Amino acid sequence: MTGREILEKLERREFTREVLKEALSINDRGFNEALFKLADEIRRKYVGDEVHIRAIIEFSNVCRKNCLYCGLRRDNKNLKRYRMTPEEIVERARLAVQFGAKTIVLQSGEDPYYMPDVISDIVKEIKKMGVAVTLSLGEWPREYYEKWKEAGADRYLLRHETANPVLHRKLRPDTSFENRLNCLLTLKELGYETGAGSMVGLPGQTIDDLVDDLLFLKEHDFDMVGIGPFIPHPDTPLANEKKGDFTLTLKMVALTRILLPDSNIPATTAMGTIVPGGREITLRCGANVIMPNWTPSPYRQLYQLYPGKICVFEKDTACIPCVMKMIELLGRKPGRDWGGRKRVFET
């Protein structure tokens, strides 16, 4: 079908593989703009004008895994490794709550040191502050996930990365798509609000792969979906590969919103890294969440999944104020509660 016809099918929610492929393959400006408007309007209708702030503390860059894309991979010897103490992490969380954060995200490499009990202790302390806690710690045994839920954790982010099992295993040689999915299913069973999502523009990833990523997200009806471009890192095997395209990645965000109209979708830091102002554009094309960097110096600059990240030269407390200004200049509002998913049951 033509652009106008694909848009009509999207508006009528005829989400066939062919409609999603054609939406991702058409490069016409008018079509893309209309797709972006559609996603923006669906966002406003379902999740409103509140942009939810998730303050992220990247508390350790130690990792046991060796993912080919990631600057924290275990084989990268050209990176100073760091670990925040549990006291530092709690007090840094308390500062974010003082600054108005209503969710604290704890993210790390897969660092065995904390697992599971030091994380449980931290979570319990942060939960006393009356905020949501989200974990993004990678793949762990069911048992660990269960202990963290009992400790009070509310949400868990585990991007599925790529729904192509062959590409997944090549890029993540310690593990598999099956394992990743099983972790995601376990987290949902345990009562977490669960986040998935993928990178766009991975080496070897095709448009058909991106369609499969959308259908996977739609299948499992995730609470949150984190999408960004692949950004090559010079101390990795994928150093010389092409970066993911911003517009294609933005279309993935827009389609995610159309497919999952009541979901929580961030404007990721990676989007703001590859294009100046990329988060702001993404917030106008389907996204409704922002995750300001709350990692303190001198560690912030050592948490380099990809290079050139924005927010590295700012002061320790700048990023929450910075996103509150962004939200205002976008004519949006800050989140009034924890920003949990508010499901709209349909037919």
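When you see a residue number, it is the position in the sequence shown, counting from 1. Rigid core: the largest C-alpha set superposing within 1.5 Å between the two forms.
In 5 other deposited structures of this protein, superposed by the rigid core, which stretch departs further from the shown form in CA positions, 294 to 302 or 38 to 46?
Once the core is superposed, the stretch further away in 5 other deposited structures of this protein is 294 to 302.
For the C-alpha atoms alone, is the average B factor greater in 190 to 198 or in 132 to 140, going by the entry?
It is 190 to 198.
If you average the Cα B factors in the entry, which is higher, 293 to 301 or 55 to 63?
The stretch with the larger average C-alpha B-factor is 293 to 301.
Tell me which of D49, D316, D40, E280 tops the list for C-alpha B factor in the record.
Within the set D49, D316, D40, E280, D316 shows the top C-alpha B-factor.
From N78, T249, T268, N264, which pick has the Cα B-factor that tops the rest in the entry?
The listed residue with the largest C-alpha B-factor is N78.
Give the position of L158 by CA B-factor within its chain, expressed as the lowest, middle or highest third.
According to the entry, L158 has a C-alpha B-factor in the chain's lowest third.
Based on the deposited C-alpha B factors for this chain, I'd like to know if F36 is in the lowest, middle or highest third.
Answer is middle: the recorded C-alpha B-factor places it there.
Would the CA B-factor of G286 place it in the lowest, middle or highest third of its chain?
Lowest third.
Taking the chain's C-alpha temperature factors as the reference, tell me which third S108 falls into: lowest, middle or highest.
For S108, whose C-alpha B-factor we compare with every modelled residue in the chain, the answer is the lowest third.
Considering every modelled residue of the chain and its Cα B-factor in the PDB entry, is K218 in the lowest, middle or highest third?
Highest third.
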